[PDB]
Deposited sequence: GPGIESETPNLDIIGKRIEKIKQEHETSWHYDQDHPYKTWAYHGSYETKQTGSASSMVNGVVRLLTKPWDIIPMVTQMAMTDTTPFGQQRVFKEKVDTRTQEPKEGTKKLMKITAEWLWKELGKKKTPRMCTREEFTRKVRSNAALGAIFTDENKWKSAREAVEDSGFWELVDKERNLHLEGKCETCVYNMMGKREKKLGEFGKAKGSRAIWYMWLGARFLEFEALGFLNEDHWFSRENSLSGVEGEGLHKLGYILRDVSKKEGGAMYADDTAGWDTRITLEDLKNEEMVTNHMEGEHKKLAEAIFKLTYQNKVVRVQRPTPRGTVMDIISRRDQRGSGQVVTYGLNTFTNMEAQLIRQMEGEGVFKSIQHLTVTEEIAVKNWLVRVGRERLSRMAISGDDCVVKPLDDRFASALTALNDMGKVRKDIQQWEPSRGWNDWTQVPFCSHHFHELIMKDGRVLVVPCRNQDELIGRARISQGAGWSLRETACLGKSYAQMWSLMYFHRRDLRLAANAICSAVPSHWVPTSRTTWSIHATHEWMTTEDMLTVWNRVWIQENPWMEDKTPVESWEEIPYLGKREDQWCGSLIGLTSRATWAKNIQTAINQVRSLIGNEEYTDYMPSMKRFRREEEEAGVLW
């Protein structure tokens, strides 16, 4: 406890000795409170380029409301000795499997610096006002070694979280986390090839094909249960099992990673703004509070573990979570060695998001381990059996569903989809300040090229994407201040479409290139409507007919630049 968090608490208390006070009206019941001190200190801005080219959606509240505008302070009971054993055995088998074809290794100042000099979201907090300033100041790199040497010495002074669910930290604490645990993401530990259940690096154009491949397996319904507040249900045992990745390390690396887990993850210090505006200094040992990138890989690991145990429960590998007989301990082991790899292949897991095709439907009511691990399902009663999906094209995953779409030439595309109001509403929103008109235009172009590559099958989005690309100067480079983003390019979008959907698509045997957009199909007209199309409305007809007037409005605002007309790529403007 304070033998681990005190130096951080002491350092903060002194920097605010003038305002230090043990407030008696602290609202915390699960988070340990330490003290308070004095301070005084983020809306979604509209993208004008996208909004002027999507006029019909100006009167659709599901779009327009997206731009406008309790669980962390809860506890998670300790699992039962049978649960804690199932988790330990499974977590041991899983780190060994993930480690068979990979080597844990430290990530480098050079690698960190290259990532900061390319605008990667490292959940950092404002000596220097930009990350680039710190990584360009041998004084910034002088602070790390002190704490780095403190970590090698098993102590921590400056690794404190700022709650804003994103727990930000000083760039130096982020570096130390990246050096020790960045290898999980940088070396693709959760790739489907290495993890079997994972989809890290896959891309939205691959996820539907992956779910269709899971659907091919013999077995029961496809289950896609969401957890209620996954990051808040992470137990101190879960952290212990995640920490076992250090059993595969050596030297400096082993000690640097052991310190991240012990000092930052299993014993956190957090700063939180309370309007009553003060700063509260609180501590808790459980729950997830690491960096987003590390959070993703450890959530994927612990979710893979939890779903294999739910599969074992459905198959009768054990009978009760109270106590695991030494015999069962050997049955659980022999199950993992004999069929563990096959079982991981029956799943698609992206952090807290899973799809599972179990051996049969006993899985639906196999709930004792899942509830006792604290991974309580959302929107269902605790012993109410799960609702499965009978058709892979109906399963939700990574905020999408997937359509099977047949090209006029017979070839099969499996495409990503979601309600079109969500897509249009998100493209109309920008985050941050000081956006020039050029920077706003280039963010609109990023959305447009994403729509051309992923959502070409939606009539409204192919038309709006063509309009935005016509309205923004042809050589201006797509930008985003904040999968695999193949749309982030100035290459011709037909050439990129061919590369992604034909040349590099391992599910497409015939590699004949597509010569024009007119060849590339849409959903059926009624399916497009079901998924939120405005086709058939008078507002949409007037927009499509008059689109050149909308394009010319935006071109007149941007000014006298070089533009290309992409509308004749469509059938109706040709």
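- Missing from the model, by position in the deposited sequence, are residues 1-9, 51-53, 82-93, 151-154, 193-209, 322-324, 531-535, 628-637.
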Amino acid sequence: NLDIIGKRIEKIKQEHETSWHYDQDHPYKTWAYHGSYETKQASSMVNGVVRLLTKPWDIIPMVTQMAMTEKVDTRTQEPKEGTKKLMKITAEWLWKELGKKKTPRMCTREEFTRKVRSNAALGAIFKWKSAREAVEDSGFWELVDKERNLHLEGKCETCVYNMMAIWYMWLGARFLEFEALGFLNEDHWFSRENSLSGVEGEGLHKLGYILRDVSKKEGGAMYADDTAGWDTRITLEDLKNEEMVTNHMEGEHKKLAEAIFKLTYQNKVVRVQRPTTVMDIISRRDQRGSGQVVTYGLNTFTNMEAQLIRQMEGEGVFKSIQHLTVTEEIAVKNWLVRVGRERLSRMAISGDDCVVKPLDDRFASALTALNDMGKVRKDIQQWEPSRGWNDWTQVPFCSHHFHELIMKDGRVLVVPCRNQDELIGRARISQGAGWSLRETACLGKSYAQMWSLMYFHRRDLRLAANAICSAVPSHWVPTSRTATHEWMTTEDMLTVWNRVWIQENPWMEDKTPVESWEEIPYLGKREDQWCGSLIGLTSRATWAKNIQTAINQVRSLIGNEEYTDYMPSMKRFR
From here on, numbers count along this sequence of modelled residues.
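In this text, the rigid core denotes the largest set of C-alpha atoms whose superposition between the two forms falls within 1.5 Å.
- Per-stretch RMS Cα distance to the displayed form in 9 other deposited structures of this protein, following rigid core alignment, is highest for 408-416 when 385-393 and 408-416 are compared.
- Choosing between 239-247 and 463-471, the greater Cα displacement from the shown form in 9 other deposited structures of this protein, fitted by the core, goes with 463-471.
- Judged by the one-third criterion across other entries of this protein, residue 125, though modelled here, is missing from at least a third of those that model both its neighbours.
- Of the other compared PDB entries of this protein that include residues on both sides, all give residue 350 atoms, none of them, and so not a third, leaving it without.
- Look at the C-alpha B-factors of 210-218 and of 79-87. On average they run higher in 79-87.
- For the two regions 468-476 and 132-140, the entry's Cα B-factors average higher over 132-140.
- Within the listed group 324, 337, 344, 249, the record reports its top CA B-factor for 324.
- Residue set 188, 401, 271, 100: peak C-alpha B-factor at 271 (per PDB entry).
- Annotation for residue 58: C-alpha temperature factor in the lowest third relative to the rest of the modelled chain, per the entry.
- Among the modelled residues of its chain, residue 406 has a C-alpha B-factor that falls in the middle third, as given in the PDB entry.
- Sort the modelled residues of the chain by CA B factor and residue 536 lands in the middle third.
- Per-chain ranking of the deposited C-alpha B factor places residue 48 in the lowest third.
- When the CA B factors of the chain's modelled residues are split into thirds, the value for residue 154 lands in the highest one.
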